[PDB]
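Residue strings, one per chain:
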Amino acid sequence: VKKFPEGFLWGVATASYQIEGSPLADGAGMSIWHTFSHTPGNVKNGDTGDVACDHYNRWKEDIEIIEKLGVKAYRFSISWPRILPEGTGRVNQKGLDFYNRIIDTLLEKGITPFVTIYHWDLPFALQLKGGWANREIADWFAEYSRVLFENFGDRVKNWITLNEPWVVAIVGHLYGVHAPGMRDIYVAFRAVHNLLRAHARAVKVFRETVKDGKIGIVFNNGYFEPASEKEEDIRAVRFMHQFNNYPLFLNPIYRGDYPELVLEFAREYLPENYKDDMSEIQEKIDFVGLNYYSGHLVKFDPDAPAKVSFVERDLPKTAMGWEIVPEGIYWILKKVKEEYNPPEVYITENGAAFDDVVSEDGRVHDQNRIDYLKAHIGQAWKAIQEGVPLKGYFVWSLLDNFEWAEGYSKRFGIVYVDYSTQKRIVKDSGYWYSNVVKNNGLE
Ligand SMILES: N=[N+]=NCCCCNC(=O)[C@@H]1[C@H]2[C@H](O)[C@@H](O)[C@H](O)[C@@H](CO)[C@@H]12
Ligand SMILES: [Cl-]
Ligand SMILES: [Cl-]
């Protein structure tokens, strides 16, 4: 038996573009994901978020799935261009009406909402003016954040500013694989900096607008291990963890500068007087959300950019090709405790894509996702026993959804979605997870 502490929060998560559909309904502006996904070559099979799971219409059913399973929290995101179609200015009252209903229904069913302000659907109008690359995004971001705090902050007490600013900056502006689809390292390191400026302004504004709330920020994390015991590979790891994981952002938030290795690689790519913004950046946060999926073996390589390369291993992998290493989640949780000692941590997303099929019985037998989930939950349990202040754990995702540049070829849900019909079927992992929730852990 591995029983979690009293009042531990068991959650599921989603993001707005991945599940809602109806991106230009009821007054909404275009986002950078509507434009990107409508560009040929960007997304496998030419999928887009145009219909998705049609949550825009099916929300009440989907809430009803959460309640029926007895899951107690629900992290979802808010689409900025549904709220402000031009990014700033006139409010789209029908965008508010969409989220108010959701939120009211969660509250009447006893489900604690956790709201992500930004999970990648930047308004297109703001992209035309530089998007994340423009220092003025901090002000666009605060204006937008305040509309949300003012309209929902009476009922929503648990807030996340950014989902995975590493991904927004680096995948969106250096690799060019996510919206806005750009490949320029100098812009990329501007976006990193500006996401920090933006976060910190929203938290400021949070303190002036919400009573009795908590506000945090979410980071992607991988478990980097070294390829040999060479000090060069052990240093490859130190760089990967500083660059790709939470420190890239927590060194500034808790220390007042970028991490050391990061600065060795990149000082030239960051704005001139970047350090002048650091004081404002240390606006006090209430928690750290960690997202965790996979592990990577890493070596020093001088040919490679940033002098590091990945090394394939023969471990089980998911449909994404992600090596499954459940002790990574224990390690990231001990390390964030040891490094920056935040007063509260959540696991804001953990889960896995496998090629789910429906059987002749009309069920989805996904023991592969149960195995994955059990091993990670057991590992998180162990981190709590060792003193990590882990307050909750959210499964990515409630529903099969639009998996970014992968389209609908990758199914991460605990609820199967037939896209022909929009039928929801609860997977075996959904039923399992429901009993984890009931028993407050593993049995
Ligand atoms: N090198 N490197 N890092 C690249 C991998 C970073 C992890 N982030 C993501 O892929 C997105 C994040 C998002 O919250 C969610 O909307 C996505 O559905 C999941 C993907 O299943 C994860
Ligand atoms: Cl528009
Ligand atoms: Cl600028």
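As documented in the archive entry, the model was determined using X-ray crystallography at 2.10 Å resolution.

Undergrad: It is not clear to me how the UniProt feature "active site" in the chain should be interpreted in this structure. Could you clarify?
TA: Mapped onto the present numbering, the UniProt feature "active site" falls on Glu-164 and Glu-349. These residues run over 186 residues, yet every pair of their C-alpha atoms falls within 10.9 Å of each other. Excluding residues that lie within four positions of it along the chain, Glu-164 makes contacts with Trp-120, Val-218, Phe-219, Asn-220 and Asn-291. Exposure remark for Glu-349: the relative accessible area of 4% places this residue in the buried category. Setting aside anything within four residues of it in sequence, one finds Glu-349 in contact with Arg-75, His-119, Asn-163, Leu-290, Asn-291, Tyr-292, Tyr-293, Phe-394 and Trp-396. A distance of 2.9 Å separates a polar atom in the side chain of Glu-349 from a polar atom in the side chain of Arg-75.

Undergrad: Quick question: what am I supposed to make of the site of ligand 1 here?
TA: The environment of ligand 1 is formed by 17 residues, the closest being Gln-18, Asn-163, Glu-164, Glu-349 and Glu-403. A distance of 2.7 Å separates an oxygen atom of ligand 1 from a polar side-chain atom of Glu-349. One of the side-chain nitrogen or oxygen atoms of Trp-404 is found 2.9 Å away from an oxygen atom of ligand 1. Protein contacts shield 83% of the accessible area of ligand 1, which totals 520 Å² for the unbound molecule. Elements with a contribution of two residues or more to the shell around ligand 1: α8 (165–175) and β7 (287–300). Looking at the shell around ligand 1 residue by residue, the classes come out as 8 nonpolar, 6 polar and 3 charged.

Undergrad: What should I look at first to understand α8 in this one?
TA: Note: α-helices contain 3.6 residues per turn, so residues at a spacing of three or four share the same orientation. Taking burial as the measure, the 11 residues of α8 include 9 buried ones, the bulk of the element. Those residues of α8 that sit buried are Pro-165, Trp-166, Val-167, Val-168, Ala-169, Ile-170, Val-171, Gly-172 and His-173. One or two steps after α8, the chain reaches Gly-176, where phi turns positive at roughly 75°.

Conventions adopted
Residues numbered from 1 in each chain as written, not as in the entry; some residues may be left out. Chains lettered and ligands numbered in written order. Heavy atoms only, no water. Residues with missing side-chain atoms left out of burial classes, pairs and counts. UniProt positions renumbered as here; feature names shortened; annotations may be inferred. Contact = heavy atoms within 4.5 Å. Buried < 20%, exposed > 50% of the residue type's maximum accessible area, 1.4 Å probe, protein only. Polar contact = N/O pair within 3.5 Å; in protein donor to acceptor, adjacent residues only side chain to side chain. Near = heavy atom within 4 Å. Areas by Shrake-Rupley, 256 points an atom, 1.4 Å probe, with all protein chains shown as cover. Helix = DSSP H or I, 4+ residues; strand = E, 2+ residues; numbered from the N terminus. Nonpolar A, V, L, I, M, F, W, Y, C, P; charged D, E, K, R; others polar.

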